[PDB]
Amino acid sequence: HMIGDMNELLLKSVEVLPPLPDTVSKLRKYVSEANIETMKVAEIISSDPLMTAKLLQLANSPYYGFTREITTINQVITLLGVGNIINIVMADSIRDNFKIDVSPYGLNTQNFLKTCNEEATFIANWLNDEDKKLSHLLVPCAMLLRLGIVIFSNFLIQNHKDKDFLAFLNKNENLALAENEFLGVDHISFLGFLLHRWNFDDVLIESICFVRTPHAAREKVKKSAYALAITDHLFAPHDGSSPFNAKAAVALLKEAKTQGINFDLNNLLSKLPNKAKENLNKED
């Protein structure tokens, strides 16, 4: 009600975040059957929005003295070690009631999580050769973006507003308007508040915050804001890779080029998901 209050409630709601059950299963299998490879651990974590957030938070903590300097899952693994990561992923907060459930947004949770992994996979596929440093930054950006609606959904469910929210959203078809109506804030703004409070790096934060206006970001944030917006047009849960959104992704690559940010047009096109490729010529 007071500008900034909702932000603090939401913050409290994510003081404990569980891992995805799939992360727990994959990590337990890999560990039981292993000596440890960091890359295999990274591959499991990198598709988990919740662990991405908690692990980056812990890694940017004053305890380690690299505050606001850790932005990648590889850096996280390097700083934290696999031992801490295992212990955090296997942990069980018995009394904790965090719900991993995007049904308030009209989404199938299992499909949403599977598409998160396809998006993570796409980013690496698209950029690991072309711009490896950007790929390493961008996967966490995209996962953190996806965490927005996971946090919002849990909050709505904990507070018995999820049904009213879904009804409103089903009827009105605009996420930010529904969020402002029920929470007083949108999830992208909240992510900016949240990630600043948790000592994340400013370029990562601002890539997320400027995803809707990448041209308006600071010069050093533009490349990643553009790349995140391209990805989001392709992988957004509600309308990712629609004719409109597929075209809009390609267009954005060409706009970034006008400012001397060089994405290879052909490389993106050849790497587009099938849905997007097939939609590129259809009417909006």
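Method of determination for the deposited model, per the PDB record: X-ray crystallography, at 2.25 Å resolution.

A.B. asks: Tell me about the overall build of the protein, and name the residues and values.
C.D. replies: Scanning the protein from N- to C-terminus turns up 16 helices and zero strands. Summarising its shape, the C-alpha atoms of the protein cover approximately 50 × 50 × 35 Å along the three principal directions.

A.B. asks: Talk me through the packing of aromatic side chains; I want residue IDs and the actual numbers.
C.D. replies: For the structure on display, the rule yields nine aromatic pairs. Ring plane angle 75° and centroid distance 5.7 Å describe the contact between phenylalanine 165 and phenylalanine 182, whose orientation is recorded as edge-to-face. Of the two residues, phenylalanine 165 sits in helix 9 (residues 162-172) while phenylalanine 182 sits in helix 10 (residues 175-182), which places them 17 residues apart along the sequence. Overall, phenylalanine 165 belongs to the buried group, its relative accessible area being 0%. Joined through ring pairs, the aromatic side chains of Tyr105, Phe165, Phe168 and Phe182 make up one cluster. Over the aromatic face of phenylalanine 263 sits the side chain of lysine 223, whose NZ or CZ is 4.9 Å from the ring centroid.

A.B. asks: Go over helix 11 (residues 187-197) with me, naming the residues and quoting the values.
C.D. replies: With eight of 11 residues buried, helix 11 lies mostly within the body of the structure. The set of residues buried in helix 11 consists of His187, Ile188, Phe190, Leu191, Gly192, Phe193, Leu194 and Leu195. In this structure, the buried side of helix 11 is in contact with helix 1 (5-13), helix 8 (132-158), helix 10 and helix 12 (202-209). For helix 11, the N-terminal cap is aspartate 186; the gap from its side-chain oxygen to the backbone nitrogen of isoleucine 188 is 3.0 Å. After helix 11 finishes, the residue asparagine 199 shows a positive phi value of roughly 60°.

A.B. asks: Which residues make up helix 14 (residues 243-258), and what values go with them?
C.D. replies: Here helix 14 contains 16 residues, and its C-alpha end-to-end distance of 23 Å stays within 8% of the 22 Å for a straight helix at 1.5 Å per residue. With its phi angle positive at about 80°, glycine 260 sits one or two positions after the end of helix 14.

A.B. asks: Give me the lowdown on the pattern of salt bridges, citing residues and values where you can.
C.D. replies: Within this structure, the stated rule accounts for 12 salt bridges. In this structure, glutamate 8 engages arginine 197 in a salt bridge whose closest nitrogen and oxygen atoms are separated by 2.8 Å. Using a relative accessible area of 40% as the deciding quantity, one classes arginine 197 as partly exposed. Between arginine 146 and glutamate 119 there is a salt bridge, with its nearest N and O atoms 3.0 Å apart. With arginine 146 in helix 8 and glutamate 119 in helix 7 (residues 109-127), the pair connects residues that are 27 residues apart, well separated along the chain.

A.B. asks: Can you break down the nonpolar core residue by residue, with the values?
C.D. replies: Grouped together as the largest cluster of nonpolar side chains are 93 residues, with contacts concentrated most on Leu194 and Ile208. Top element by residues in this core is helix 8. It accounts for 16 residues. Not counting chain neighbours up to four residues away, the residues in contact with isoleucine 208 comprise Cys141, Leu144, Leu145, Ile188, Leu191, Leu195 and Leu228.

A.B. asks: If you had to explain the environment of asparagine 262 to someone new, which residues and values would you point to?
C.D. replies: Among the secondary structure elements, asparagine 262 is positioned in the loop between helix 14 and helix 15 (265-271). Under the relative-accessibility criterion, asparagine 262 is labelled exposed at 59%. Sequence separation of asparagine 262 and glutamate 130 is 132 residues, and the distance between their C-alpha atoms is 9.9 Å. Those residues in contact with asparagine 262, other than ones at most four positions away along the chain, are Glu130 and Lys223.

A.B. asks: Break down unusual backbone geometry for me, with residues and values.
C.D. replies: Positive phi values are uncommon outside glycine, yet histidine 160 reaches one of about 60°. Along the polypeptide, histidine 160 turns up in the loop between helix 8 and helix 9. The exposure class assigned to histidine 160 is exposed, which follows from its relative accessible area of 70%. With phi around 65°, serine 241 is a residue other than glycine that occupies positive phi space. Take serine 241: it is sitting in the loop between helix 13 (219-235) and helix 14.

A.B. asks: Tell me about the state of the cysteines, residues and numbers included.
C.D. replies: Tallied over the entire structure, the rule returns zero disulfides. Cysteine 209 provides the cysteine sulfur closest to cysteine 141, a residue in no disulfide bond, and the two sulfurs are 10 Å apart. Taking the relative accessible area as the measure of exposure, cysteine 141 reaches 0% and is therefore buried. Owing to a relative accessible area of 34%, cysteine 209 belongs among the partly exposed residues under this scheme.

Reading the values: the criteria
- Residues numbered from 1 in each chain as written, not as in the entry; some residues may be left out.
- Heavy atoms only, no water.
- Residues with missing side-chain atoms left out of burial classes, pairs and counts.
- Helix = DSSP H or I, 4+ residues; strand = E, 2+ residues; numbered from the N terminus.
- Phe/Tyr/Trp six-rings, centres within 6.5 Å; stacked < 30°, edge-to-face > 60°.
- Buried < 20%, exposed > 50% of the residue type's maximum accessible area, 1.4 Å probe, protein only.
- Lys NZ or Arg CZ within 6 Å of the ring centre and 35° of its normal.
- Contact = heavy atoms within 4.5 Å.
- Polar contact = N/O pair within 3.5 Å; in protein donor to acceptor, adjacent residues only side chain to side chain.
- Expected span 1.5 Å × (residues − 1).
- Salt bridge = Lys/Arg side-chain N within 4 Å of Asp/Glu carboxyl O.
- Core = buried A, V, L, I, M, F, W, Y, C linked by side-chain atoms within 4.5 Å.
- Disulfide = S-S within 2.5 Å.

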